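Text of the file query.cif, holding mmCIF, C-alpha atoms:
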```cif
data_start
#
loop_
_atom_site.group_PDB
_atom_site.id
_atom_site.type_symbol
_atom_site.label_atom_id
_atom_site.label_comp_id
_atom_site.auth_asym_id
_atom_site.auth_seq_id
_atom_site.Cartn_x
_atom_site.Cartn_y
_atom_site.Cartn_z
ATOM 1 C CA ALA A 2 17.172 15.337 1.056
ATOM 2 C CA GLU A 3 16.432 15.906 -2.653
ATOM 3 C CA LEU A 4 14.904 12.727 -4.144
ATOM 4 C CA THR A 5 14.155 12.312 -7.866
ATOM 5 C CA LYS A 6 10.388 11.802 -8.551
ATOM 6 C CA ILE A 7 9.244 8.263 -9.541
ATOM 7 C CA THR A 8 6.475 8.557 -12.159
ATOM 8 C CA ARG A 9 4.429 6.157 -14.369
ATOM 9 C CA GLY A 10 6.127 5.785 -17.745
ATOM 10 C CA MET A 11 9.493 7.181 -16.629
ATOM 11 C CA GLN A 12 12.796 6.146 -18.083
ATOM 12 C CA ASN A 13 15.463 4.802 -15.752
ATOM 13 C CA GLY A 14 12.882 3.677 -13.191
ATOM 14 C CA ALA A 15 15.028 0.922 -11.615
ATOM 15 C CA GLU A 16 18.106 3.148 -11.258
ATOM 16 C CA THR A 17 16.140 6.169 -9.981
ATOM 17 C CA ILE A 18 14.429 3.893 -7.363
ATOM 18 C CA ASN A 19 17.887 2.462 -6.489
ATOM 19 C CA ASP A 20 19.484 5.909 -6.167
ATOM 20 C CA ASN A 21 16.571 7.144 -4.018
ATOM 21 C CA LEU A 22 16.783 4.103 -1.689
ATOM 22 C CA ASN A 23 20.581 4.593 -1.517
ATOM 23 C CA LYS A 24 20.143 8.395 -0.829
ATOM 24 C CA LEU A 25 17.706 7.711 2.033
ATOM 25 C CA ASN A 26 19.952 4.956 3.443
ATOM 26 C CA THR A 27 23.091 7.187 3.574
ATOM 27 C CA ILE A 28 21.467 10.527 4.707
ATOM 28 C CA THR A 29 19.309 9.140 7.569
ATOM 29 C CA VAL A 30 20.208 8.826 11.278
ATOM 30 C CA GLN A 31 19.692 5.165 12.213
ATOM 31 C CA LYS A 32 18.941 3.122 15.392
ATOM 32 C CA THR A 33 22.355 1.293 15.082
ATOM 33 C CA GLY A 34 26.086 1.942 14.380
ATOM 34 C CA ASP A 35 28.500 4.851 14.951
ATOM 35 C CA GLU A 36 27.521 8.080 13.115
ATOM 36 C CA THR A 37 28.179 11.801 12.694
ATOM 37 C CA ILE A 38 25.136 14.142 12.490
ATOM 38 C CA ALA A 39 25.391 17.705 11.100
ATOM 39 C CA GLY A 40 22.923 20.581 11.506
ATOM 40 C CA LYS A 41 21.155 22.316 14.395
ATOM 41 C CA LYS A 42 19.223 19.543 16.197
ATOM 42 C CA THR A 43 16.344 20.774 18.426
ATOM 43 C CA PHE A 44 14.612 18.033 20.506
ATOM 44 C CA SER A 45 10.958 18.800 21.560
ATOM 45 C CA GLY A 46 10.619 15.942 24.075
ATOM 46 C CA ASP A 47 12.806 14.221 26.696
ATOM 47 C CA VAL A 48 16.342 12.991 25.825
ATOM 48 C CA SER A 49 18.263 10.321 27.793
ATOM 49 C CA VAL A 50 21.916 9.221 27.216
ATOM 50 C CA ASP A 51 22.738 5.809 28.830
ATOM 51 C CA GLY A 52 26.339 5.966 27.532
ATOM 52 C CA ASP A 53 28.986 8.636 28.007
ATOM 53 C CA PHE A 54 27.629 12.158 27.428
ATOM 54 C CA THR A 55 30.237 14.805 26.218
ATOM 55 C CA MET A 56 29.728 18.564 25.607
ATOM 56 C CA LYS A 57 31.698 21.724 24.619
ATOM 57 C CA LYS A 58 32.182 24.993 26.677
ATOM 58 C CA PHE A 59 30.059 23.792 29.704
ATOM 59 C CA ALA A 60 31.545 26.169 32.304
ATOM 60 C CA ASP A 61 31.138 29.170 29.949
ATOM 61 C CA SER A 62 27.448 28.603 29.049
ATOM 62 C CA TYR A 63 26.243 27.425 32.553
ATOM 63 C CA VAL A 64 28.570 28.983 35.202
ATOM 64 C CA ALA A 65 28.873 32.867 35.389
ATOM 65 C CA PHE A 66 30.957 34.865 37.920
ATOM 66 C CA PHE A 67 30.201 38.586 38.652
ATOM 67 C CA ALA A 68 32.054 40.537 41.411
ATOM 68 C CA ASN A 69 32.739 44.218 42.264
ATOM 69 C CA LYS A 70 36.436 45.130 41.707
ATOM 70 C CA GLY A 71 36.499 48.729 43.076
ATOM 71 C CA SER A 72 34.398 48.294 46.264
ATOM 72 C CA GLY A 73 33.466 44.644 47.044
ATOM 73 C CA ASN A 74 30.352 45.827 49.037
ATOM 74 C CA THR A 75 27.673 45.674 46.215
ATOM 75 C CA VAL A 76 27.620 43.578 42.961
ATOM 76 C CA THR A 77 25.466 44.896 40.061
ATOM 77 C CA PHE A 78 25.048 42.660 36.955
ATOM 78 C CA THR A 79 22.689 41.853 34.024
ATOM 79 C CA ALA A 80 21.780 38.080 34.329
ATOM 80 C CA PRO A 81 22.941 36.255 31.118
ATOM 81 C CA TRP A 82 19.986 33.775 31.291
ATOM 82 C CA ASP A 83 17.456 32.243 33.788
ATOM 83 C CA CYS A 84 19.432 30.952 36.832
ATOM 84 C CA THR A 85 20.098 30.167 40.528
ATOM 85 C CA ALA A 86 22.612 32.510 42.339
ATOM 86 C CA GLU A 87 25.166 31.576 45.075
ATOM 87 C CA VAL A 88 26.304 34.883 46.766
ATOM 88 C CA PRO B 193 -21.874 -19.148 -22.054
ATOM 89 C CA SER B 194 -23.435 -15.826 -20.679
ATOM 90 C CA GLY B 195 -19.845 -14.574 -20.348
ATOM 91 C CA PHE B 196 -16.652 -14.940 -18.368
ATOM 92 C CA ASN B 197 -17.433 -15.204 -14.680
ATOM 93 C CA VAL B 198 -15.108 -14.497 -11.759
ATOM 94 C CA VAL B 199 -16.310 -15.604 -8.296
ATOM 95 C CA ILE B 200 -15.345 -13.514 -5.229
ATOM 96 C CA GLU B 201 -16.037 -15.099 -1.829
ATOM 97 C CA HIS B 202 -16.138 -12.640 1.093
ATOM 98 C CA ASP B 203 -16.965 -12.158 4.822
ATOM 99 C CA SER B 204 -19.950 -9.705 4.477
ATOM 100 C CA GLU B 205 -23.513 -10.745 5.045
ATOM 101 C CA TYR B 206 -24.415 -8.222 2.357
ATOM 102 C CA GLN B 207 -23.686 -7.248 -1.315
ATOM 103 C CA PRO B 208 -20.143 -5.676 -1.627
ATOM 104 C CA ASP B 209 -19.406 -3.590 -4.651
ATOM 105 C CA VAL B 210 -16.705 -4.701 -7.132
ATOM 106 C CA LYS B 211 -14.753 -2.479 -9.515
ATOM 107 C CA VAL B 212 -12.860 -4.135 -12.394
ATOM 108 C CA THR B 213 -9.763 -2.744 -14.184
ATOM 109 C CA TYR B 214 -7.377 -4.278 -16.735
ATOM 110 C CA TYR B 215 -3.715 -3.321 -17.373
ATOM 111 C CA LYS B 216 -0.505 -4.698 -18.926
ATOM 112 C CA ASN B 217 3.121 -4.578 -17.641
ATOM 113 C CA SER B 218 2.452 -3.291 -14.064
ATOM 114 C CA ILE B 219 5.495 -3.775 -11.662
ATOM 115 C CA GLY B 220 6.421 -7.471 -11.455
ATOM 116 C CA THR B 221 4.599 -8.674 -14.629
ATOM 117 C CA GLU B 222 7.171 -7.485 -17.251
ATOM 118 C CA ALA B 223 8.444 -10.401 -19.394
ATOM 119 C CA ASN B 224 12.211 -9.634 -19.144
ATOM 120 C CA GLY B 225 12.112 -8.790 -15.401
ATOM 121 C CA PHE B 226 11.535 -5.649 -13.271
ATOM 122 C CA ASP B 227 11.231 -2.435 -15.357
ATOM 123 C CA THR B 228 11.775 -4.120 -18.751
ATOM 124 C CA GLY B 229 8.367 -3.008 -20.081
ATOM 125 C CA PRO B 230 7.472 -0.102 -22.361
ATOM 126 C CA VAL B 231 5.710 2.026 -19.686
ATOM 127 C CA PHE B 232 7.188 1.634 -16.150
ATOM 128 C CA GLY B 233 4.423 1.102 -13.638
ATOM 129 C CA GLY B 234 1.885 -0.118 -16.169
ATOM 130 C CA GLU B 235 0.369 0.673 -19.582
ATOM 131 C CA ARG B 236 -3.231 1.959 -20.138
ATOM 132 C CA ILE B 237 -5.664 0.969 -17.295
ATOM 133 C CA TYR B 238 -9.096 0.115 -18.685
ATOM 134 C CA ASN B 239 -12.238 0.083 -16.555
ATOM 135 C CA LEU B 240 -14.081 -3.204 -17.303
ATOM 136 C CA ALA B 241 -17.892 -3.131 -17.361
ATOM 137 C CA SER B 242 -19.188 -5.877 -15.094
ATOM 138 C CA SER B 243 -22.642 -7.209 -14.248
ATOM 139 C CA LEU B 244 -22.697 -8.274 -10.559
ATOM 140 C CA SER B 245 -25.044 -10.780 -8.820
ATOM 141 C CA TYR B 246 -24.934 -12.017 -5.210
ATOM 142 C CA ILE B 247 -25.580 -14.949 -2.884
ATOM 143 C CA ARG B 248 -24.519 -15.114 0.791
ATOM 144 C CA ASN B 249 -20.740 -14.628 0.897
ATOM 145 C CA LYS B 250 -20.326 -15.084 -2.939
ATOM 146 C CA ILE B 251 -20.179 -12.232 -5.568
ATOM 147 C CA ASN B 252 -20.276 -13.336 -9.212
ATOM 148 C CA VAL B 253 -18.518 -10.834 -11.471
ATOM 149 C CA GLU B 254 -19.806 -11.324 -15.043
ATOM 150 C CA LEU B 255 -17.547 -9.757 -17.643
ATOM 151 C CA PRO B 256 -17.948 -9.810 -21.466
ATOM 152 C CA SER B 257 -16.703 -13.141 -22.995
ATOM 153 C CA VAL B 258 -14.058 -11.179 -24.986
ATOM 154 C CA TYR B 259 -12.107 -10.483 -21.693
ATOM 155 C CA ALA B 260 -11.910 -14.202 -20.806
ATOM 156 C CA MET B 261 -8.428 -15.098 -19.703
ATOM 157 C CA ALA B 262 -6.475 -17.788 -17.874
ATOM 158 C CA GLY B 263 -3.942 -17.116 -15.135
ATOM 159 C CA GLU B 264 -2.835 -17.263 -11.531
ATOM 160 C CA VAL B 265 -5.246 -15.819 -8.973
ATOM 161 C CA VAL B 266 -3.712 -13.685 -6.212
ATOM 162 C CA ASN B 267 -5.829 -12.758 -3.148
ATOM 163 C CA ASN B 268 -4.649 -9.564 -1.399
ATOM 164 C CA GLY B 269 -7.813 -9.282 0.762
ATOM 165 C CA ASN B 270 -8.710 -5.725 -0.372
ATOM 166 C CA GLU B 271 -8.340 -6.697 -4.078
ATOM 167 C CA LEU B 272 -8.117 -9.887 -6.163
ATOM 168 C CA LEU B 273 -5.690 -10.136 -9.101
ATOM 169 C CA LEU B 274 -6.014 -12.437 -12.099
ATOM 170 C CA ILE B 275 -2.393 -12.512 -13.421
ATOM 171 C CA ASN B 276 -1.739 -14.007 -16.896
ATOM 172 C CA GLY B 277 1.863 -13.285 -17.801
ATOM 173 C CA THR B 278 1.962 -9.526 -18.528
ATOM 174 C CA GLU B 279 -1.861 -9.015 -18.180
ATOM 175 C CA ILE B 280 -3.690 -8.224 -14.978
ATOM 176 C CA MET B 281 -7.380 -8.046 -14.265
ATOM 177 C CA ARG B 282 -7.895 -6.311 -10.932
ATOM 178 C CA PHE B 283 -11.116 -6.663 -8.810
ATOM 179 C CA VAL B 284 -11.545 -4.172 -5.969
ATOM 180 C CA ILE B 285 -14.126 -5.081 -3.267
ATOM 181 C CA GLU B 286 -15.772 -2.424 -1.047
ATOM 182 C CA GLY B 287 -16.943 -3.100 2.502
ATOM 183 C CA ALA B 288 -15.693 -6.683 2.935
ATOM 184 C CA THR B 289 -12.564 -8.864 2.889
ATOM 185 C CA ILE B 290 -11.829 -11.307 0.035
ATOM 186 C CA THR B 291 -11.745 -14.830 1.445
ATOM 187 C CA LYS B 292 -11.093 -16.714 -1.845
ATOM 188 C CA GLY B 293 -11.433 -15.802 -5.543
ATOM 189 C CA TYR B 294 -11.445 -17.845 -8.752
ATOM 190 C CA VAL B 295 -12.721 -18.079 -12.378
ATOM 191 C CA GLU B 296 -16.089 -19.995 -12.155
ATOM 192 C CA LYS B 297 -15.355 -23.469 -13.630
ATOM 193 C CA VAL B 298 -18.309 -25.491 -12.224
ATOM 194 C CA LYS B 299 -21.199 -23.428 -13.572
ATOM 195 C CA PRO B 300 -24.895 -23.636 -12.559
ATOM 196 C CA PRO B 301 -27.495 -25.401 -14.791
ATOM 197 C CA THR B 302 -29.724 -23.233 -17.061
ATOM 198 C CA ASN B 303 -32.911 -24.005 -18.914
ATOM 199 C CA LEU B 304 -35.028 -25.489 -16.159
ATOM 200 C CA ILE B 305 -38.260 -26.955 -17.585
ATOM 201 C CA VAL B 306 -41.019 -28.709 -15.651
ATOM 202 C CA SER B 307 -42.745 -31.342 -17.845
ATOM 203 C CA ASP B 308 -44.957 -34.468 -17.309
ATOM 204 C CA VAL B 309 -46.609 -32.845 -14.186
ATOM 205 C CA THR B 310 -49.335 -34.904 -12.397
ATOM 206 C CA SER B 311 -50.989 -34.715 -8.932
ATOM 207 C CA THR B 312 -48.157 -36.795 -7.374
ATOM 208 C CA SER B 313 -45.116 -36.059 -9.685
ATOM 209 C CA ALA B 314 -43.195 -33.853 -12.234
ATOM 210 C CA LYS B 315 -40.056 -34.097 -14.409
ATOM 211 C CA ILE B 316 -37.336 -31.500 -14.112
ATOM 212 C CA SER B 317 -34.963 -31.107 -17.086
ATOM 213 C CA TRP B 318 -32.096 -28.641 -17.587
ATOM 214 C CA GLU B 319 -28.964 -27.744 -19.668
ATOM 215 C CA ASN B 320 -25.257 -27.561 -18.439
ATOM 216 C CA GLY B 321 -23.857 -24.022 -17.829
#
```
Could the structure of this file be written out as structure tokens, please?
Amino acid sequence: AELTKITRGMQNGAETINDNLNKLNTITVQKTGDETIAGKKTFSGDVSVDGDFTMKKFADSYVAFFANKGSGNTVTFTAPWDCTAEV
Amino acid sequence: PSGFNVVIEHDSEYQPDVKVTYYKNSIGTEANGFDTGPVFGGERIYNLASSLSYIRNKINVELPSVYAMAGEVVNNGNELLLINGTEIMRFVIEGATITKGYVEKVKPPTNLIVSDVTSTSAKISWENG
């Protein structure tokens, strides 16, 4: 967020303080109410969701199927990520 | 008399330092309400030369008589404020907590003279502060 600097002797001190408080209040993610958060959010620590968790393309980014069409004797594939296989 | 004296009572068993500043129209002292002054945040800050003396738990901040002012005393623990309308005289303590602060009204006696001294007695005379 781009806040306007509050300096000694400035003009429009009250309004600039008001606008800055209003900017912070509308741009921040808060501990209450329904919200929509944009941007790539990377969480360092643990994350727990007590309510209903919902995600996009789960089966595509977690489940991968590789089989041999022409023989069916030996399957050769380049693992898309770190995983557990069920052959 | 000697000057304008501000008493600062603290919790140290020692001699805390005090730094005095003066400034007009800091936030909350403007006459027509918040940010109605000529220099938002406060006009020129002046360092006030003080002469400090100490007794247990009581600092006496002697300032030149010309700075003498009335006003509400605010104790913020780390600093004391003497607020008179638009004017503020700020006292910053170092190494202790301000317990109570006030302009010295009851002032100590001065020219102590011992006269009519005998083997069994003496007369002590003085002048009001």
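All polymer residues at most 9 Å from (-8.6, -3.4, -4.9), using only C-alpha atoms, appear as residues 210, 211, 212, 268, 269, 270, 271, 272, 273, 282, 283, 284, 285 and 286 of chain B.
Of the listed residues (B:234, B:193, B:220, B:225), B:234 comes nearest to chain A; the distances count only C-alpha atoms.
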Could you make a table, as JSON lines, of the residues of chain A that have an atom within 9 Å of an atom of chain B, each with its nearest atom pair and distance in Å to one decimal, counting all atoms listed in the file, in chain and number order?
```
{"residue": "A:8", "atom": "CA", "partner": "B:233", "partner_atom": "CA", "distance": 7.9}
{"residue": "A:9", "atom": "CA", "partner": "B:233", "partner_atom": "CA", "distance": 5.1}
{"residue": "A:10", "atom": "CA", "partner": "B:231", "partner_atom": "CA", "distance": 4.3}
{"residue": "A:11", "atom": "CA", "partner": "B:232", "partner_atom": "CA", "distance": 6.0}
{"residue": "A:12", "atom": "CA", "partner": "B:232", "partner_atom": "CA", "distance": 7.5}
{"residue": "A:13", "atom": "CA", "partner": "B:227", "partner_atom": "CA", "distance": 8.4}
{"residue": "A:14", "atom": "CA", "partner": "B:227", "partner_atom": "CA", "distance": 6.7}
{"residue": "A:15", "atom": "CA", "partner": "B:227", "partner_atom": "CA", "distance": 6.3}
```
request  = Take the PyMOL selection byres ((chain B and resi 237) around 6), apply it to the structure above, and return the hits as a VMD selection string.
outcome  = chain B and resid 214 to 215 236 238
query = Using the chain letters and numbers from the file, which residues does the PyMOL selection byres ((chain B and resi 262) around 8) grab, as a list in words?
reply = residues 260, 261, 263, 264, 274 and 276 of chain B
message = I'd like to see the residues matched by the PyMOL selection byres ((chain B and resi 299-305) around 10) on this file, and ideally I'd get them as an MDAnalysis selection string.
response = chainID B and resid 193 197 296:298 306:307 315:321
task = Please provide the set of residues having any atom within 10 Å of stretch 78-87 of chain A, restricted to all atoms listed in the file, with same-chain residues fewer than 5 positions apart removed, written as an MDAnalysis selection string.
result = chainID A and resid 62:69
inquiry  = Residues near residue B:251, anyone? I mean within 12 Å using all atoms listed in the file, not counting same-chain ones fewer than 3 positions away, as a PyMOL selection string.
reply    = chain B and resi 197-211+242-248+254+283-286+288-296
request  = Within 12 Å of residue A:38, counting all atoms listed in the file, which residues show up once you throw out same-chain ones fewer than 5 positions away? Write them as a PyMOL selection string, please.
outcome  = chain A and resi 27-31
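Picture a line from atom CA of residue B:213 to atom CA of residue B:241; it runs 8.7 Å.
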key: Between atom CA of residue A:3 and atom CA of residue A:44 - distance in Å to one decimal   = 23.3 Å
As an mmCIF file, keeping the file's coordinate frame, please: stretch 23-37 of chain A completed to N, CA, C and O atoms.
```cif
data_model
loop_
_atom_site.group_PDB
_atom_site.id
_atom_site.type_symbol
_atom_site.label_atom_id
_atom_site.label_comp_id
_atom_site.auth_asym_id
_atom_site.auth_seq_id
_atom_site.Cartn_x
_atom_site.Cartn_y
_atom_site.Cartn_z
ATOM 1 N N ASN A 23 19.207 4.385 -1.964
ATOM 2 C CA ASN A 23 20.581 4.593 -1.517
ATOM 3 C C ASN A 23 20.754 5.963 -0.848
ATOM 4 O O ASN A 23 21.429 6.034 0.170
ATOM 5 N N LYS A 24 20.093 7.030 -1.377
ATOM 6 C CA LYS A 24 20.143 8.395 -0.829
ATOM 7 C C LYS A 24 19.600 8.361 0.562
ATOM 8 O O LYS A 24 20.318 8.733 1.484
ATOM 9 N N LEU A 25 18.370 7.829 0.736
ATOM 10 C CA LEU A 25 17.706 7.711 2.033
ATOM 11 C C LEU A 25 18.536 6.921 3.021
ATOM 12 O O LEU A 25 18.667 7.342 4.159
ATOM 13 N N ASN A 26 19.128 5.805 2.584
ATOM 14 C CA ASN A 26 19.952 4.956 3.443
ATOM 15 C C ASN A 26 21.214 5.640 3.955
ATOM 16 O O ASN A 26 21.593 5.380 5.095
ATOM 17 N N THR A 27 21.848 6.528 3.150
ATOM 18 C CA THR A 27 23.091 7.187 3.574
ATOM 19 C C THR A 27 22.892 8.532 4.287
ATOM 20 O O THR A 27 23.775 8.906 5.057
ATOM 21 N N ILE A 28 21.756 9.229 4.074
ATOM 22 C CA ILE A 28 21.467 10.527 4.707
ATOM 23 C C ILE A 28 20.743 10.409 6.069
ATOM 24 O O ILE A 28 20.786 11.347 6.855
ATOM 25 N N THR A 29 20.081 9.289 6.342
ATOM 26 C CA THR A 29 19.309 9.140 7.569
ATOM 27 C C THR A 29 20.115 8.685 8.776
ATOM 28 O O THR A 29 21.089 7.929 8.650
ATOM 29 N N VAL A 30 19.678 9.168 9.960
ATOM 30 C CA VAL A 30 20.208 8.826 11.278
ATOM 31 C C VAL A 30 19.499 7.503 11.605
ATOM 32 O O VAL A 30 18.269 7.401 11.466
ATOM 33 N N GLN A 31 20.273 6.477 11.972
ATOM 34 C CA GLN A 31 19.692 5.165 12.213
ATOM 35 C C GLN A 31 19.855 4.685 13.652
ATOM 36 O O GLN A 31 20.695 5.209 14.387
ATOM 37 N N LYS A 32 19.009 3.708 14.054
ATOM 38 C CA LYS A 32 18.941 3.122 15.392
ATOM 39 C C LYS A 32 20.117 2.184 15.728
ATOM 40 O O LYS A 32 20.068 1.517 16.759
ATOM 41 N N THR A 33 21.153 2.112 14.865
ATOM 42 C CA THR A 33 22.355 1.293 15.082
ATOM 43 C C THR A 33 23.603 1.976 14.484
ATOM 44 O O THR A 33 23.480 2.897 13.670
ATOM 45 N N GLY A 34 24.786 1.499 14.885
ATOM 46 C CA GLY A 34 26.086 1.942 14.380
ATOM 47 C C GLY A 34 26.544 3.331 14.763
ATOM 48 O O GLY A 34 25.736 4.180 15.144
ATOM 49 N N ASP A 35 27.862 3.572 14.639
ATOM 50 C CA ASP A 35 28.500 4.851 14.951
ATOM 51 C C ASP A 35 28.253 5.827 13.794
ATOM 52 O O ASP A 35 28.398 5.445 12.626
ATOM 53 N N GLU A 36 27.854 7.066 14.113
ATOM 54 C CA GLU A 36 27.521 8.080 13.115
ATOM 55 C C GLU A 36 27.931 9.484 13.506
ATOM 56 O O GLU A 36 28.169 9.767 14.679
ATOM 57 N N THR A 37 27.928 10.382 12.517
ATOM 58 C CA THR A 37 28.179 11.801 12.694
ATOM 59 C C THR A 37 27.024 12.566 12.044
ATOM 60 O O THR A 37 26.738 12.379 10.851
#
```
